[PDB]
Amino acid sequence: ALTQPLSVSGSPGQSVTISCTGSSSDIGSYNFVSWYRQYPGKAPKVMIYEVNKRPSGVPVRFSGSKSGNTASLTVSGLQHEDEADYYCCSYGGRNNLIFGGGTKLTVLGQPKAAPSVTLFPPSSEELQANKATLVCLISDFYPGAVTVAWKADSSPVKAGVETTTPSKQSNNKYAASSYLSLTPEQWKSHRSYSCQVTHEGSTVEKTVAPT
């Protein structure tokens, strides 16, 4: 119920900002906004609280601010140790706490790479067996942050999607996969289904159709 961008990035020494959008009855009404950094396989740690206050120990380059219904975390002079997931938090308005969805901050040390995307239609055997699974496989993108959109004809489809968070491959690029579960009749009754992978504002799409 608190919106953050999916991911943000910058090079060592740059400054980056992560926004966090609430409503008026929460971020707009209290100064109880905190930020948490979370490293892979670890628990969150507070970076900022009460909008702009910093616990001693959190580096001076971390700063928080609030404008209207939107809080922001800025990280000046970026460092590789600053790469992590950052979640905003606010008092919610009625005995209540709400969190943001998370933002992946990548401190870049490798050129970017768009993903390559492979889409597989349901097998013969699986349709025999009465199921239908579309398999979207996504490889070699950096940073490891990607948005997966599905489409029957041109209309968005969210029911039946299950998607993997990106994991470092051995080539230190990232991989994710997405699965759209369909009934065999849904599969055979549209002219096409699509997997759209958006990475860094460029979109790689792949389409399959029934035969």
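Sequential numbering from 1, following the sequence displayed.
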property	result
Which of 82 to 90 and 119 to 127 has higher mean CA B factor, as the PDB entry lists it	119 to 127
Mean C-alpha temperature factor, higher of 169 to 177 and 47 to 55	169 to 177
Out of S9, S194, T17, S24, residue topping the C-alpha B-factor column of the entry	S24
Identity of residue with top Cα B-factor, from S34, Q38, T163, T70	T163
Where the record places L2 (Cα B-factor, split into thirds across the chain)	lowest
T74, C-alpha B-factor rank within chain (lowest, middle or highest third)	lowest
Assigned third (lowest, middle, highest) for the C-alpha B factor of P156	highest
Third of the chain's Cα B-factor distribution that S139 belongs to, per the entry	highest
CA B-factor ranking of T133, expressed as a third of its chain	highest
